[PDB]
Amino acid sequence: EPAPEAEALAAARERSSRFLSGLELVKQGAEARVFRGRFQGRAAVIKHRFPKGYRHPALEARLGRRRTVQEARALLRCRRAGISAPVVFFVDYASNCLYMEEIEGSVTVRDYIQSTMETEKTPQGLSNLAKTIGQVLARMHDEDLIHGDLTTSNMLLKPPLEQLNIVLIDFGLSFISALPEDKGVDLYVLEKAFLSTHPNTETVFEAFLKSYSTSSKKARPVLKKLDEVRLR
C-alpha cells in the first residue's frame, strides 16, 4: 500500500502539469520550457524542465531541482542588489516549476539588434544599448553573480523599447563567484554569442567592454581572464 506522502507528491505533480496544459510557449532552451500564464491576477510565466525520454527519472529530478533552486536564489540576489530581472511569485519544488513576473511586451536584445541591423545598415546606433548592457553586467558581477548563459536572447528590453530598459532572464546556470576567471568566462560566452549571432557588430561589443570597464572597479583582472580563456 502506498505512502500518503508519496501520493500527495504525485497529486501535486499532476496539479502542476494540469496547470501547464493549455498554456502558450514563450521561450525554449535545451532543458527548459517557459509558458505564459496568469498567477493570482498577475501576468506570469512558468518555467519547467520536462524529463527527457532517454535519462533516468531521478537524474532528471535532481537536475530540475538544482537549476530551479539556483535560479530562485539568483533572482532574489538580483532584486536586493537593484539588478532588474523578473520577480519570483512562487517556486514549486514538488515539480520544479518557477512562477515569475511576465516582462510584458518586451523584445529580446537579440531581436532588437538584428532589426536595427536590417533597417539601418550599421551598428552605429547601438552604442547606447552596448553601454547599458555594460552597466548592468558590471553591477551583476560586482555582486559576484555569474549568469552562466549570457546571450542576447537572455536579455529583454521592456517597453517603451527606446528607453533601453534591460531585464536579465534565465539564471538556471548561474552561481556565486568572486573569481575573475569565472567572470571572464561569463563574458566570453556573451562575446561568442555576439560574434556568431550578430556578425559585424564588433564595435558594439567593443563599446560594451569599455562601459563594463568603467562601471566595475574589478573589471581589469576580469578582462585579462577573458583574453586568457579565449586562447585556451
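Quick note: we count residues from 1 along the sequence shown, nothing fancier. The term rigid core refers to the maximal set of C-alpha atoms that superpose within 1.5 Å between the two forms.
Between 161-169 and 54-62, the larger mean CA deviation from the shown form in 4 other deposited structures of this protein, after core superposition, belongs to 54-62. The higher RMS C-alpha distance to the shown form in 4 other deposited structures of this protein, out of 64-72 and 22-30, belongs to 22-30, with every structure fitted on the core.
Higher mean CA B-factor, judged across 29-37 and 201-209 from the recorded values: 201-209. Between the stretches 113-121 and 69-77, it is 113-121 that shows the larger average CA temperature factor. Taking the deposited Cα B-factors for 169, 63, 45, 193, the highest one is held by 193.
Note on 161, 98, 145, 94: the highest value goes to 161, judged by CA B factor as recorded. Per the deposited record, the Cα B-factor of residue 181 falls in the highest third when ranked against the other modelled residues of its chain.
Ranked against the other modelled residues of its chain, the C-alpha B-factor of residue 128 as given in the entry falls in the highest third.
Residue 153: CA B factor in the middle third of modelled residues in this chain (values from the PDB entry).
In the PDB entry, a CA B factor belonging to the middle third of its chain's modelled residues is recorded for residue 84. Ranked by C-alpha B-factor against the other modelled residues of its chain, residue 108 falls in the lowest third.
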